[PDB]
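Engineer: Sharing a structure, written as structure tokens. Questions coming.
FYI the Cβ positions are ideal-geometry reconstructions off the backbone, even for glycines, and counts take in every protein chain you see. All of the numbers you see were taken from the coordinates with simple rules; none came from a lab.
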Amino acid sequence: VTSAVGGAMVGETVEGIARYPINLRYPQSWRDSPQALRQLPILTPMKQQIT
Amino acid sequence: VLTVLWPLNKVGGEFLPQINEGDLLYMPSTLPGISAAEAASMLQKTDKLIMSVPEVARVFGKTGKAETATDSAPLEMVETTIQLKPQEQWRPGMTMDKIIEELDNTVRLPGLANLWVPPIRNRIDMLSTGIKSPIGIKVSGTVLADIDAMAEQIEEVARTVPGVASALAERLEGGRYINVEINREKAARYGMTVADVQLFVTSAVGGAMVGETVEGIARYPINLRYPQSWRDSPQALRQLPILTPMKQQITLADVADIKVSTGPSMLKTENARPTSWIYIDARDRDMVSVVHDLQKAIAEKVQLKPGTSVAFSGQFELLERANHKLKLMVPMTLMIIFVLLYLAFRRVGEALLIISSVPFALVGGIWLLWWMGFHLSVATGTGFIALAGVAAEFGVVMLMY
Amino acid sequence: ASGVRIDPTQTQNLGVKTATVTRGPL
Amino acid sequence: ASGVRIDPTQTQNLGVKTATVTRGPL
Amino acid sequence: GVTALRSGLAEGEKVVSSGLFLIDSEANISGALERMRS
Amino acid sequence: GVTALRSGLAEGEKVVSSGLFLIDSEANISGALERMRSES
Amino acid sequence: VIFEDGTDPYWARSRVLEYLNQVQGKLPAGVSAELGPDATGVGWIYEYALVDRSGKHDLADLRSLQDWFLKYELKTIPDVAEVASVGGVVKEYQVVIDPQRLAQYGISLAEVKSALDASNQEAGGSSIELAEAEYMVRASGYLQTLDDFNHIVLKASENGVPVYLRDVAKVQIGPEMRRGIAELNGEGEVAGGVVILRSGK
Amino acid sequence: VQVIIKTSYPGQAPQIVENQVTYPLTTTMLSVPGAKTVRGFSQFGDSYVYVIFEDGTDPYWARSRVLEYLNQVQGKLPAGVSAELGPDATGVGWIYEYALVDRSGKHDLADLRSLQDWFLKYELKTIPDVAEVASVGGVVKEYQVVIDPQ
Amino acid sequence: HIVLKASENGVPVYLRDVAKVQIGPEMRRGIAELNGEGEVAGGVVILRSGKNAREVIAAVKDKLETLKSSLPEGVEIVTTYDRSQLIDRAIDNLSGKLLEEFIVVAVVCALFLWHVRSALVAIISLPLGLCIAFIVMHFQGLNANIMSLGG
């Protein structure tokens, strides 16, 4: 929810004095709509492929 | 008045008379690279030489910093503290300036630029302007290599000056590095992340603290590290043994290139701008003459660069500020003195005649300074202000009769 | 131009913690 | 003149040491 | 707390019980010892 | 503790091993280093 | 927090700060209560927009110009509380994961997140003494190239064949979530900056 | 009037300390009410920031002021690091200075540093008007686990 | 006996198996040397910014007498810097000067005023001139130093 769907920041690249956000996220097509979220692909710890 | 012009073109100027304190500090300087082991040897050798002078009673040498925020000294920096025997024990023909000369002439090593100061005076100067020496030059800019080139030229022109004993500008990037350039693709081969490899740098090679034993109120550091033989040198680091997560036995060079390089030694910043300070030591001459002679040599033999500025700081910065306040201070004193005379006698031309009596009091002061061998300073300036009010005092009691 | 000489080798006259080599069992 | 001159007393105080250059296997 | 020696010293020799004489982070033990002789 | 050179010196020549930093610093300051680089 | 008339502004801040100390614990673990600037909305004095009409510099290039150059050249000015960036794009390194590749390569989202965390830092190895000089051991590791992102290691076979972050995702430069948008004269989005004045200045 | 700010960023190179700790710090301190000048020292793993105030500034006013600006910057620093407020005094405050020596050898350098750190420092700091009793020189006893790679 | 690993058998592998645990020095961040004949451990007393050095040094020297007993045998606190010696030397000097000027002026205003009661009038003009000044400095917050005494 926070990473696959939401685009929660995960880290920051350091570039001299400046800093820029890094994030992880599925392509938008996967999180387009409620129905899309209902089919959000999940790889379980036991490698089961569910939604 | 025209006779007071001879002592004027004779005397020199200082911020304040050099006050003699029982003890004095030895604060030499050197290039950025020196190691702690060597610096600590430099400290003992230097201390034996100081102690070899009959006037000094104790020498408490210091390298690095004491455990307080009021001390940010590098292990490469030396702040030895010299105590001198009671003035009743100095050799017959001796002065403070004569002792310092034997010190500066006795205690000297190659590549080491000495500096001798009074403790209190020193701590006040560093707090006020940062410079540890009476005379200081501040090269500023945004390109470290540029300001360093600038400070390098200035430092050498400074030593050509007649009254200078030593001059050394701290480098902004004379630091030495051993770079472990970790190779992501190489490490990935062994299933290692950059963080994985780095642990060998901070712990195996470096002696990073890992914990602290608790012992009543006290605490002591715990650390992990390979024996020194493994981390002796660059070539040693290239063979630094690593046990990978998959139990593969590799060396550090298998996941990283290790290269020696040069870079920042220590980043001095003033108002968020990089800066290098040149420490000049002249003690035979008066300050103002030296700074003005430096200002000439620098302006003529050193072409400035674009974004690089040069500034004279040290006490001289204070001298200039005090002077500007004094030159504005005379009119004040002259209008008020004029009004008090104006009030008591009520006569314009006559009151003007009394205030006009102080220029004769000034000439009396200058001639005495010159004969005594004194310099113009915020001290003498004060004396002249107070002396004016006394010459105007007299003027009134001579007019009243 | 002082010809004043000093002993360069490290010095420690302010006290040493010493032990004597003994013959005995571990 | 290439190089640099240094007061022998200062170097003696510094405890300067010198090692001669040889050729052979490492 | 005590190490046995296979050889090196003679019974009776005095020795200083301190490795606290060379800085840990980085004195080169090889050369930091050299400074003690001449 | 020893290092091999591919070139640069000649057997018999004397090199400084102790007090090397300060002495080098002096040579750096006295312009000896810059002189060394300019010659070749 | 609005104070009553005649309250010394600094008295007030110093007072809020101590009450902020005895509440820091009563907050969720992650969160921290930050003290705002010295000024207020009224302090907004000078306001400008950054525009490049040639296009040579885009919205992200200008926000960076504002954030990392202009903001610091202005804040040095006395009596200035803040120079705030308004509008523009904050450059974001967005690792966009393909759900299907995660399954094909047998790598979980959590594993990706963890790998990332271990690939963006530098480390110090203390220093080593050579020629009586101090050589500082410095280890790289900062993420600074797209390739660096691509070569984040996720998994490794006995063979020594690694699976990289480039295998399960595309690493692109995109915009961060805009929390502010600035428009100039109804003919373009722009990156701006506002100068905030200290309260009694 | 001077307020010191010491931040520790262990293992990090001078240039990184300057960029991520010192520079952010100095630029926020420069705009503190009453700040005349601000110096920064970026060492290997250490950041020293010296904030100098203009004449007539109540010393405590200054400290209390730096502290609040230190709060609104604590976040802009690397996760591990924290900006520490220096003592009330300055280098000029160094008044009495001594050395601990045992001429019999019964106590070595570590034994004396411990004597200083854990006994003397606390017997002196109780004295009114004293800001700090600082240990200088000596050895800090370290439990060093030296690992054999093999 | 830090445990690292354990077999089903119950045979553990300890930290002593992969390393030697020794007591060594930490990285020195400061070095102190005394009289060029030994490294030493020192201590410095820092004074609060607007406080009295002379006042503090007394308590410090008196607290050390209390501690001569508590200190281990063979341990010696040798002082390497003491600003109190200067204070004394500076304040004894100014005192002396004041006394000398006083007696010098009296002698002079007594050779130009032959009568003793006449000279003693201009003489009582000083010790009282002091008092008002010192009472004022007390309400002000001014302590006695070469500069305030020099005035």
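Engineer: So which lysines can G:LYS113 reach, going by Cα to Cα under 28 Å and dropping same-chain residues fewer than 8 places off?
Structural biologist: Within the straight-line limit of under 28 Å, G:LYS113 reaches these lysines: A:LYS47, B:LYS186, B:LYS247, G:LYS91, G:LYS155, G:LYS170, H:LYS76.
Engineer: Also, quick follow-up: Using Cα pairs under 8 angstrom and six or more residues apart, how large is the relative contact order of chain G, in percent?
Structural biologist: Relative contact order here is 34 percent.
Engineer: What does the charge add up to near B:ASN183, with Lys and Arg as +1, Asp and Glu as -1, over the other residues with Cβ less than 14 Å from its Cβ?
Structural biologist: -2
Engineer: With a cut-off of at most 10 other beta carbons within 10 Å, and DSSP calling the residue loop, which trypsin sites (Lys or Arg not before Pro) in the stretch G:6-66 qualify? Please list them.
Structural biologist: Sites meeting the loop and neighbour criteria: G:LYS26, G:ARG53, G:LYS56.
Engineer: Same structure, new question: Fewest Cβ neighbours within 10 Å first, please rank B:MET150, B:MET332, B:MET27 accordingly.
Structural biologist: Ordered from fewest to most neighbouring Cβ atoms within 10 Å, B:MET150, B:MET332, B:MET27 come out as B:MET332, B:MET27, B:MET150.
Engineer: Beyond 18 Å, how much of the Cα-Cα pair distribution for the stretch B:94-226 remains, as a whole percent? List each step's numbers first, then the result.
Structural biologist: Values: 6596 of 8778 pairs.
Tail of P(r) above 18 Å: 75 percent of Cα pairs.
Engineer: What Rg and what Dmax come out for the stretch B:161-279 when only alpha-carbon atoms are used, in angstroms?
Structural biologist: For the stretch B:161-279, the Cα radius of gyration and maximum Cα-Cα distance read 20.4, 70 Å.
Engineer: Hey, another quick one. Over all distinct alpha-carbon pairs, what is the Kirkwood Rh of the stretch G:84-175 in angstrom?
Structural biologist: Working: mean 1/r = 0.0633 Å⁻¹.
Answer for the stretch G:84-175: a Kirkwood hydrodynamic radius of 15.8 Å.
Engineer: Once the Cα atoms of helix G:9-21 and of chain G are each reduced to a long axis, what angle between those two axes, in degrees from 0 to 90 to the nearest 10, is obtained?
Structural biologist: It works out to around 40 degrees.
Engineer: Something else: Straight-line reach only, C-alpha to C-alpha below 20 angstrom: list the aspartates and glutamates that F:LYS14 could link to, leaving out same-chain residues fewer than 8 apart.
Structural biologist: The reachable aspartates and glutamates, counting only those whose Cα sits under 20 Å from F:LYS14, are D:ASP7, E:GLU34, F:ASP24, F:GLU26, G:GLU132.
Engineer: Pairwise over distinct Cα atoms, reciprocal of the mean inverse distance: report the Kirkwood radius of the stretch B:343-401 in Å, one decimal place.
Structural biologist: In the stretch B:343-401 this quantity evaluates to 12.5 Å.
Engineer: Ignoring the sites themselves, what is the longest stretch of chain G with no GluC sites (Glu not before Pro) in a DSSP loop and at most 16 other beta-carbon atoms within 10 Å? All intermediate terms of the calculation are to be shown ahead of the outcome.
Structural biologist: Numbers: sites that count: G:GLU4, G:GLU34, G:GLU158, G:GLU187.
The segment G:35-157 is the longest one with no such site.
Engineer: Of all alpha-carbon pairs in chain G, indicate the percentage at a distance above 23 angstrom.
Structural biologist: So the portion of pairs separated by more than 23 Å is 68 percent.
Engineer: What list of whole percents do you get for P(r) of the stretch B:1-154, with Cα-Cα distances grouped in 10 Å bins up to the one holding the largest distance?
Structural biologist: Using 10 Å bins, I get a P(r) of 9, 32, 33, 18, 7, 2, 0 for the stretch B:1-154.
Engineer: Can you compute 3J(HN,Hα) from phi for each residue in the stretch I:98-114, using the Karplus curve 6.51 cos²θ - 1.76 cosθ + 1.60 with θ = phi - 60°, rounded to whole Hz and x for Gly and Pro?
Structural biologist: 3J(HN,Hα) across the stretch I:98-114, in whole Hz: 3, 4, 5, 4, 3, 5, 6, 5, 3, 4, 6, 6, 10, 9, 10, 10, 4.
Engineer: Still on this structure, please answer the following. Could you state the angle between the C-alpha long axis of helix H:59-71 and the longest principal axis of the C-alpha atoms of chain H, as a value from 0 to 90 degrees rounded to the nearest 10?
Structural biologist: Result, in degrees: 90.
Engineer: Output the antiparallel fraction of DSSP beta bridges having both residues in the protein assembly as shown, as a percent to the nearest 5.
Structural biologist: 90
Engineer: Please list the helices of chain B that count as membrane-span-like by this rule: a mean Kyte-Doolittle hydropathy of at least 1.0 together with Cα atoms stretching 24 Å or more along the helix axis, each helix being a complete DSSP H run.
Structural biologist: TM-like helix candidates: B:378-399.
Engineer: Each residue of the stretch H:104-118 in turn: what ³J(HN,Hα) in whole Hz from Karplus with 6.51, -1.76, 1.60 and θ = phi - 60°, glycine and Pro shown as x?
Structural biologist: Here the 3J(HN,Hα) series is 7, x, 3, 10, 8, 5, 6, 4, 7, 5, 5, 4, 5, 4, 10 Hz.
Engineer: Given +1 on the Cβ of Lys and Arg, -1 on the Cβ of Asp and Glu, and no further charges, what dipole in debye does chain A carry about its Cα centre, rounded to the nearest 20?
Structural biologist: Value, rounded to 20: 200 debye.
Engineer: On C-alpha positions alone, give me the angle between the axis of helix I:127-140 and the longest principal axis of chain I, in degrees, nearest 10.
Structural biologist: So the helix axis and the longest Cα principal axis differ by about 40 degrees.
Engineer: Of all trypsin sites (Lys or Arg not before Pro) in the stretch B:215-266, which ones are in loop regions per DSSP and have a Cβ with at most 13 other Cβ atoms within 10 Å?
Structural biologist: Here the trypsin sites (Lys or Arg not before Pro) that fit, given the DSSP loop and packing criteria, are B:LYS247.
Engineer: Work out how far the C-alpha atoms of chain I reach from end to end along every principal axis, then list the three figures in whole Å, largest first.
Structural biologist: Result for chain I: principal-axis Cα extents of 114, 38, 29 Å.
Engineer: Take the protein assembly as shown, compute every pairwise Cα distance, and split them into 10 Å bins from 0; I just need the percent in each bin.
Structural biologist: 2, 8, 15, 20, 20, 16, 10, 6, 3, 1, 0, 0, 0
Engineer: Where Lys and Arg each count +1 and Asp and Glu each count -1, what net charge lies around B:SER72 among other residues with Cβ under 10 Å from its Cβ? Before the final figure, lay out the partial values.
Structural biologist: Details: positive: B:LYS65, H:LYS6, H:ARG39; negative: B:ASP71, H:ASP46.
That sum, taken over residues with Cβ under 10 Å, equals +1.
Engineer: Averaged across H:120-131, how many Cβ atoms of other chains sit within 10 Å of each residue's Cβ atom?
Structural biologist: 6
Engineer: Can you tell me the Rg and Dmax of chain H, counting just the alpha carbons, in angstroms?
Structural biologist: In order Rg, Dmax, the Cα atoms of chain H give 19.0, 64 Å.
Engineer: Could you give the longest part of chain I that holds none of the GluC sites (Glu not before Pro) found in DSSP loops with at most 10 neighbouring Cβ atoms within 10 Å?
Structural biologist: Values: sites that count: I:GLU8, I:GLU73.
Segment I:74-151 is the longest.
Engineer: Longest segment of chain F with no GluC sites (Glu not before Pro) in a DSSP loop having at most 15 other Cβ atoms within 10 Å?
Structural biologist: It works out to F:14-40.
Engineer: Quick one: grab Rg to one decimal and Dmax as a whole number for chain B, Cα atoms only, in Å.
Structural biologist: For chain B, the Cα radius of gyration and maximum Cα-Cα distance read 29.8, 110 Å.
Engineer: Taking the square root of 5 times each eigenvalue of the Cα gyration tensor, what semi-axes in Å does the equivalent ellipsoid of the stretch G:134-201 have, largest first?
Structural biologist: That gives 43, 24, 10 Å for the three semi-axes.
Engineer: Going by a ≥ b ≥ c, the root eigenvalues of the Cα gyration tensor, does the stretch B:257-401 fall in the rounded group (a/c under 1.5), the prolate group (a/b larger than b/c) or the oblate group?
Structural biologist: Working: a/c = 4.02, a/b = 2.86, b/c = 1.40.
The shape class here is prolate.
Engineer: For H:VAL136, what charge total do you get from the other residues with a beta carbon under 9 Å from its beta carbon, if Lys and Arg give +1 and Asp and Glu give -1?
Structural biologist: That sum, taken over residues with Cβ under 9 Å, equals -1.
Engineer: What would the Debye formula give as log10 I(q)/I(0) at q = 0.11, 0.13, 0.25 Å⁻¹ for the alpha-carbon point model of the stretch I:1-88, no solvent?
Structural biologist: Results for the stretch I:1-88 at q = 0.11, 0.13, 0.25 Å⁻¹ read -0.60, -0.70, -1.29.
Engineer: I need the semi-axes of the equivalent ellipsoid of chain F: take the C-alpha gyration tensor, multiply each eigenvalue by 5, square-root it, list largest first in whole angstrom.
Structural biologist: Calculated on Cα positions only, the semi-axes equal 21, 16, 8 Å.
Engineer: Compute the normalised compactness of the stretch B:218-288: alpha-carbon radius of gyration over 2.2 N^0.38 Å, N being the residue count. Walk me through the intermediate numbers first.
Structural biologist: Values: Rg = 22.9 Å, N = 71, 2.2 N^0.38 = 11.1 Å.
In units of the 2.2 N^0.38 Å rule of thumb, it is 2.06.
Engineer: Taking neighbour counts of Cβ atoms within 10 Å as a proxy for exposure, in what order, fewest first, do I:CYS109, I:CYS131 appear?
Structural biologist: I:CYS131, I:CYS109
Engineer: Answer rounded, prolate or oblate for chain A, using the Cα gyration tensor with square roots of eigenvalues a ≥ b ≥ c: rounded when a/c is under 1.5, else prolate when a/b is larger than b/c, else oblate. Write out the running numbers ahead of the final one.
Structural biologist: Working: a/c = 4.46, a/b = 2.03, b/c = 2.20.
Oblate, since a/c reaches 1.5 and b/c is not below a/b.
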